[PDB]
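The block underneath contains the structure these notes are about, expressed in structure tokens.
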Amino acid sequence: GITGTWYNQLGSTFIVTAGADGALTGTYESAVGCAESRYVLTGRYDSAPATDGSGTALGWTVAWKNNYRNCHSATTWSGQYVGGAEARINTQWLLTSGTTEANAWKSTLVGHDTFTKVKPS
Amino acid sequence: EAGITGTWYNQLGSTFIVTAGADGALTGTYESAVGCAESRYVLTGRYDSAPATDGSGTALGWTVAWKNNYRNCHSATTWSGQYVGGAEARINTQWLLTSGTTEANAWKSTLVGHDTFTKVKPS
Amino acid sequence: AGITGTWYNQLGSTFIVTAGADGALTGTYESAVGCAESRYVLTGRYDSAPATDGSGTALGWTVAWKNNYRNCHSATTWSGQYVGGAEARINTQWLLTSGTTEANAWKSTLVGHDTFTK
Amino acid sequence: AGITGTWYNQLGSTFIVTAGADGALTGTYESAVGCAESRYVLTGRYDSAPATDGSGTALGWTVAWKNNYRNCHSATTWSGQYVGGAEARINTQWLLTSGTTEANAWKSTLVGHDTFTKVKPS
Ligand SMILES: O=C(O)CCCC[C@@H]1SC[C@@H]2NC(=O)N[C@@H]21
Ligand SMILES: O=C(O)CCCC[C@@H]1SC[C@@H]2NC(=O)N[C@@H]21
Ligand SMILES: O=C(O)CCCC[C@@H]1SC[C@@H]2NC(=O)N[C@@H]21
Ligand SMILES: O=C(O)CCCC[C@@H]1SC[C@@H]2NC(=O)N[C@@H]21
């Protein structure tokens, strides 16, 4: 149930296909930051999750370069898909910017995004 | 020789074998020296294929879902960081390891850490 | 009067805090989850002269998970910001470090996020 | 406990701490980087009765980045463990939250890792 169009609390759009091989492929469009238009994503998910009520572990990466704007940064989301009547993907993320060695201590932002198939309002 | 493409090792002795594609793709295998993992796991990721021209590192990230034919750990790790070139080439990362959990156990689903990768084989 | 009070998070944990004029946070934490049993000492710091443009007040605190009931050999730090008003919130991210052997240090630290309501 | 003293991280920042009998950490922090200027107050907690199986001692502390010289409208928390041995170490991960508007809250928090030893930089 991972395949589809997802939205987070910021109103960003996460369009993803979950392949039989455990691959995630798609596009991400951020409502915030330096990003402009859709960016390529790739990731992985557990294609045979536990059947004890546990969620399905997954992660994906966006490098923030496309033909519109290169932000010289990359975000990875790590989380789990939680199935049901109102499906959710709950994630934590790390956004690393390319920095000088002197500035490496401030290279990485951390946050958390929750994704639903309904766009928040 | 120089570049992201190659075989990398972290401080734990894990092996990260990666090819950096022309269009920003990272593809390869990861073998962890620690945890539930056994043998090689598929990785995919992305990197900035046109980094800044001011001495900055190259932003990148990748994911391993910890399922292969040896063991399924029902977990996934993402590494986010940057590649630093030169004579002491590094990939410096922070990571998030999320385990599949029940909703009641979700608060303790995610480990955080940091891995530094070098092309030098451990001694 | 804003930060000072009793707060609950999404897990149902209880956060009792006094924000002093000197920038100090002092109080007790009781977790709804995990190894912890009963109230634990907290101490922390907050920006005692924040911006008023809609910007939150930066803060953080620590609990070492040792009391007379259970010693969990762990500590959590919460880092975040207080947002004032009738629906006041403390929005945090946290790091929970367990005492580990050097071999297990790679899996010493859990990360998460807690939102507190007054 | 071995925690009490002056510690230095990989950035050259100075961490002057006292570990009290009641589990308290008190002292000052001076960052070599960022908006911070001069010494800032810290407070924290540590496990005053750790395991005896070779495990580290869990601890954490907070600095709010306000002093008489500069207020950065930010706060860092370090969470980690003290590791005894030939060269003692405090290994930490940290979260640095800046006061932001609601619309900017997604980019409020930096994450990193600091390792402290008692070796003064030369
Ligand atoms: O500003 C940049 O460097 C690129 C855009 C980053 C947007 C971040 S990624 C994590 C968070 N979740 C979102 O949907 N957007 C922000
Ligand atoms: O135990 C698991 O759930 C799977 C193996 C996790 C290994 C982690 S990933 C982050 C860290 N870096 C490594 O090289 N290994 C550990
Ligand atoms: O299990 C332990 O080691 C001690 C209790 C940890 C409880 C954690 S702290 C962060 C999160 N927020 C809570 O209110 N409880 C959990
Ligand atoms: O820039 C600020 O907002 C205040 C100074 C932050 C300095 C950070 S705290 C984490 C890291 N470790 C250090 O010693 N300095 C930086």
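Following the order of the structure tokens, chains are lettered A, B, ..., residues in each are numbered from 1, and ligands are numbered from 1.
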Write out as a PyMOL selection string the residues lying within 8 Å of segment 40-52 of chain C, counting only C-alpha atoms and excluding same-chain residues fewer than 6 positions away.
(chain C and resi 19+21-30+58-67) or (chain D and resi 42-45+61-66+71+73-75+99)
What does the list of residues within 6 Å of ligand 1 look like if you count only C-alpha atoms and all ligand atoms, written as an mmCIF file with N, CA, C and O atoms, in the first residue's frame?
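In the end it all went to out_11.cif:
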```cif
data_model
loop_
_atom_site.group_PDB
_atom_site.id
_atom_site.type_symbol
_atom_site.label_atom_id
_atom_site.label_comp_id
_atom_site.auth_asym_id
_atom_site.auth_seq_id
_atom_site.Cartn_x
_atom_site.Cartn_y
_atom_site.Cartn_z
ATOM 1 N N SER A 12 3.922 19.232 1.228
ATOM 2 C CA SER A 12 4.790 18.671 0.204
ATOM 3 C C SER A 12 4.165 17.422 -0.405
ATOM 4 O O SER A 12 3.394 16.730 0.260
ATOM 5 N N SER A 30 8.772 19.851 -2.637
ATOM 6 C CA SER A 30 8.709 20.458 -1.312
ATOM 7 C C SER A 30 7.932 21.767 -1.319
ATOM 8 O O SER A 30 8.141 22.615 -2.189
ATOM 9 N N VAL A 32 8.418 23.902 1.040
ATOM 10 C CA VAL A 32 9.327 24.828 1.728
ATOM 11 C C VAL A 32 10.772 24.719 1.237
ATOM 12 O O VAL A 32 11.141 23.740 0.578
ATOM 13 N N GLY A 33 11.580 25.724 1.566
ATOM 14 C CA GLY A 33 13.012 25.691 1.290
ATOM 15 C C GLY A 33 13.415 26.218 -0.074
ATOM 16 O O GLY A 33 12.657 26.935 -0.738
ATOM 17 N N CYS A 34 14.626 25.844 -0.478
ATOM 18 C CA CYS A 34 15.258 26.319 -1.708
ATOM 19 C C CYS A 34 14.684 25.637 -2.957
ATOM 20 O O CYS A 34 14.790 26.168 -4.074
ATOM 21 N N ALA A 35 14.069 24.475 -2.746
ATOM 22 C CA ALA A 35 13.597 23.583 -3.808
ATOM 23 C C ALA A 35 12.552 24.223 -4.712
ATOM 24 O O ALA A 35 11.674 24.935 -4.233
ATOM 25 N N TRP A 64 18.876 17.517 -3.978
ATOM 26 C CA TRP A 64 18.102 18.672 -4.402
ATOM 27 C C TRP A 64 18.714 19.393 -5.612
ATOM 28 O O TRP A 64 18.920 20.608 -5.609
ATOM 29 N N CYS A 71 20.121 23.092 -5.028
ATOM 30 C CA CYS A 71 20.242 23.570 -3.649
ATOM 31 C C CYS A 71 21.491 23.071 -2.924
ATOM 32 O O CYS A 71 21.739 23.452 -1.769
ATOM 33 N N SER A 73 22.268 20.143 -1.630
ATOM 34 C CA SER A 73 21.794 19.519 -0.414
ATOM 35 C C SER A 73 21.094 18.215 -0.752
ATOM 36 O O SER A 73 20.764 17.956 -1.907
ATOM 37 N N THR A 75 18.245 15.294 1.283
ATOM 38 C CA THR A 75 17.474 14.850 2.441
ATOM 39 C C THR A 75 17.256 13.352 2.363
ATOM 40 O O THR A 75 17.000 12.816 1.287
#
```
At a cut-off of 6 Å and counting only C-alpha atoms and all ligand atoms, what residues surround ligand 3? Please answer as a PDB file with N, CA, C and O atoms, in the first residue's frame.
```pdb
ATOM      1  N   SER C  13       2.931  11.444  28.883  1.00  0.00           N
ATOM      2  CA  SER C  13       3.946  11.765  29.888  1.00  0.00           C
ATOM      3  C   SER C  13       3.701  13.133  30.516  1.00  0.00           C
ATOM      4  O   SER C  13       3.186  14.033  29.856  1.00  0.00           O
ATOM      5  N   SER C  31       7.442   9.579  32.697  1.00  0.00           N
ATOM      6  CA  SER C  31       7.207   8.992  31.381  1.00  0.00           C
ATOM      7  C   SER C  31       6.058   7.989  31.393  1.00  0.00           C
ATOM      8  O   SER C  31       5.950   7.164  32.303  1.00  0.00           O
ATOM      9  N   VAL C  33       5.883   5.773  29.075  1.00  0.00           N
ATOM     10  CA  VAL C  33       6.475   4.620  28.375  1.00  0.00           C
ATOM     11  C   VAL C  33       7.902   4.334  28.847  1.00  0.00           C
ATOM     12  O   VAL C  33       8.559   5.195  29.439  1.00  0.00           O
ATOM     13  N   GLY C  34       8.375   3.122  28.570  1.00  0.00           N
ATOM     14  CA  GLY C  34       9.770   2.769  28.791  1.00  0.00           C
ATOM     15  C   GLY C  34      10.070   2.196  30.160  1.00  0.00           C
ATOM     16  O   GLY C  34       9.168   1.756  30.883  1.00  0.00           O
ATOM     17  N   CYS C  35      11.356   2.212  30.496  1.00  0.00           N
ATOM     18  CA  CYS C  35      11.893   1.594  31.706  1.00  0.00           C
ATOM     19  C   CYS C  35      11.572   2.395  32.974  1.00  0.00           C
ATOM     20  O   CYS C  35      11.549   1.841  34.076  1.00  0.00           O
ATOM     21  N   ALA C  36      11.319   3.692  32.798  1.00  0.00           N
ATOM     22  CA  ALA C  36      11.149   4.646  33.894  1.00  0.00           C
ATOM     23  C   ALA C  36       9.950   4.339  34.781  1.00  0.00           C
ATOM     24  O   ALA C  36       8.906   3.930  34.282  1.00  0.00           O
ATOM     25  N   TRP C  65      17.850   8.987  33.931  1.00  0.00           N
ATOM     26  CA  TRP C  65      16.777   8.095  34.355  1.00  0.00           C
ATOM     27  C   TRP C  65      17.129   7.255  35.587  1.00  0.00           C
ATOM     28  O   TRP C  65      16.978   6.028  35.588  1.00  0.00           O
ATOM     29  N   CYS C  72      17.543   3.270  35.056  1.00  0.00           N
ATOM     30  CA  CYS C  72      17.485   2.760  33.692  1.00  0.00           C
ATOM     31  C   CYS C  72      18.807   2.871  32.931  1.00  0.00           C
ATOM     32  O   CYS C  72      18.904   2.418  31.789  1.00  0.00           O
ATOM     33  N   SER C  74      20.240   5.441  31.605  1.00  0.00           N
ATOM     34  CA  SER C  74      19.969   6.183  30.387  1.00  0.00           C
ATOM     35  C   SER C  74      19.723   7.649  30.723  1.00  0.00           C
ATOM     36  O   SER C  74      19.529   8.008  31.889  1.00  0.00           O
ATOM     37  N   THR C  76      17.770  11.251  28.698  1.00  0.00           N
ATOM     38  CA  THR C  76      17.124  11.886  27.548  1.00  0.00           C
ATOM     39  C   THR C  76      17.351  13.387  27.607  1.00  0.00           C
ATOM     40  O   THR C  76      17.245  13.990  28.673  1.00  0.00           O
TER      41      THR C  76
END
```
When the cut-off is 6 Å and you count only C-alpha atoms and all ligand atoms, which residues lie near ligand 4, shown as a PDB file with C-alpha atoms, in the first residue's frame?
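Contents of pocket-v9.pdb, freshly written:
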```pdb
ATOM      1  CA  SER D  13      35.097  24.161  22.285  1.00  0.00           C
ATOM      2  CA  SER D  31      31.865  27.292  21.645  1.00  0.00           C
ATOM      3  CA  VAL D  33      32.069  28.130  16.363  1.00  0.00           C
ATOM      4  CA  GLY D  34      28.666  29.671  15.592  1.00  0.00           C
ATOM      5  CA  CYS D  35      26.864  32.748  16.911  1.00  0.00           C
ATOM      6  CA  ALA D  36      28.081  32.154  20.498  1.00  0.00           C
ATOM      7  CA  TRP D  65      22.783  30.589  24.062  1.00  0.00           C
ATOM      8  CA  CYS D  72      21.678  33.748  19.811  1.00  0.00           C
ATOM      9  CA  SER D  74      18.955  29.145  20.415  1.00  0.00           C
ATOM     10  CA  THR D  76      21.796  23.058  22.320  1.00  0.00           C
TER      11      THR D  76
END
```
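When only C-alpha atoms and all ligand atoms are used to measure the gap to ligand 2, the shortest distance among A:78, A:91, A:114, A:97 belongs to A:78.
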Considering only strand (DSSP E or B) as DSSP defines it on the backbone, what residues of chain D qualify? List them as a PyMOL selection string.
chain D and resi 5-9+14-19+24-30+40-46+57-66+71-83+89-98+109-117
File dump, residues just selected, C-alpha atoms, as an mmCIF file, in the first residue's frame:
```cif
data_model
loop_
_atom_site.group_PDB
_atom_site.id
_atom_site.type_symbol
_atom_site.label_atom_id
_atom_site.label_comp_id
_atom_site.auth_asym_id
_atom_site.auth_seq_id
_atom_site.Cartn_x
_atom_site.Cartn_y
_atom_site.Cartn_z
ATOM 1 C CA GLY D 5 36.897 18.766 34.893
ATOM 2 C CA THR D 6 37.675 20.649 31.692
ATOM 3 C CA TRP D 7 36.868 18.922 28.399
ATOM 4 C CA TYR D 8 37.523 19.900 24.774
ATOM 5 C CA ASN D 9 35.717 18.675 21.669
ATOM 6 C CA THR D 14 35.629 24.234 26.077
ATOM 7 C CA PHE D 15 33.320 22.314 28.438
ATOM 8 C CA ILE D 16 33.994 23.049 32.140
ATOM 9 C CA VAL D 17 31.818 20.744 34.236
ATOM 10 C CA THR D 18 31.235 19.569 37.805
ATOM 11 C CA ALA D 19 29.393 16.302 38.449
ATOM 12 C CA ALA D 24 23.612 17.182 38.654
ATOM 13 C CA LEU D 25 25.907 18.662 36.008
ATOM 14 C CA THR D 26 26.848 22.346 36.405
ATOM 15 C CA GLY D 27 29.375 24.580 34.653
ATOM 16 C CA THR D 28 30.151 26.640 31.565
ATOM 17 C CA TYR D 29 30.410 26.042 27.841
ATOM 18 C CA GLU D 30 32.361 28.097 25.318
ATOM 19 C CA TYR D 40 27.493 30.314 28.639
ATOM 20 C CA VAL D 41 25.724 28.611 31.568
ATOM 21 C CA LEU D 42 25.100 24.863 31.364
ATOM 22 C CA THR D 43 23.047 22.490 33.469
ATOM 23 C CA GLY D 44 22.417 18.779 33.060
ATOM 24 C CA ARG D 45 22.115 15.345 34.645
ATOM 25 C CA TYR D 46 24.147 12.131 34.736
ATOM 26 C CA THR D 57 27.725 6.462 32.078
ATOM 27 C CA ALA D 58 24.664 8.120 30.486
ATOM 28 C CA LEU D 59 24.485 11.907 30.711
ATOM 29 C CA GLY D 60 23.142 15.046 29.088
ATOM 30 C CA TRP D 61 23.279 18.826 29.367
ATOM 31 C CA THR D 62 21.735 22.014 27.963
ATOM 32 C CA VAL D 63 23.087 25.411 26.987
ATOM 33 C CA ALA D 64 20.694 28.252 26.194
ATOM 34 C CA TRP D 65 22.783 30.589 24.062
ATOM 35 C CA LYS D 66 22.080 33.776 26.030
ATOM 36 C CA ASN D 71 21.924 36.183 22.719
ATOM 37 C CA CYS D 72 21.678 33.748 19.811
ATOM 38 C CA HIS D 73 18.018 32.825 20.499
ATOM 39 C CA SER D 74 18.955 29.145 20.415
ATOM 40 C CA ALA D 75 19.655 26.182 22.681
ATOM 41 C CA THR D 76 21.796 23.058 22.320
ATOM 42 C CA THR D 77 21.338 19.782 24.173
ATOM 43 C CA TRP D 78 24.063 17.116 24.228
ATOM 44 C CA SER D 79 23.065 13.535 25.002
ATOM 45 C CA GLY D 80 25.708 10.869 25.423
ATOM 46 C CA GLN D 81 27.901 8.751 27.626
ATOM 47 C CA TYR D 82 31.111 9.061 29.576
ATOM 48 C CA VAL D 83 33.565 6.257 28.703
ATOM 49 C CA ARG D 89 35.977 10.332 26.586
ATOM 50 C CA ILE D 90 32.492 11.844 26.509
ATOM 51 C CA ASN D 91 30.773 10.795 23.280
ATOM 52 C CA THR D 92 27.675 12.819 22.401
ATOM 53 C CA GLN D 93 25.054 13.587 19.838
ATOM 54 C CA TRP D 94 23.449 17.026 19.958
ATOM 55 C CA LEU D 95 20.367 18.982 18.914
ATOM 56 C CA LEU D 96 20.602 22.728 18.360
ATOM 57 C CA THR D 97 17.178 24.387 18.173
ATOM 58 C CA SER D 98 16.782 28.009 17.098
ATOM 59 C CA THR D 109 16.965 22.126 14.454
ATOM 60 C CA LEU D 110 20.550 21.206 13.621
ATOM 61 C CA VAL D 111 21.930 17.776 14.573
ATOM 62 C CA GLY D 112 25.537 16.743 15.110
ATOM 63 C CA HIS D 113 28.014 14.799 17.186
ATOM 64 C CA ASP D 114 30.754 15.958 19.551
ATOM 65 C CA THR D 115 33.470 13.865 21.160
ATOM 66 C CA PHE D 116 35.204 15.311 24.257
ATOM 67 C CA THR D 117 38.609 14.491 25.773
#
```
With a cut-off of 9 Å and counting only C-alpha atoms, select all residues of chain C in contact with chain B and give the selection as number ranges by chain.
C: 11, 33-34, 95, 103-104, 106-113
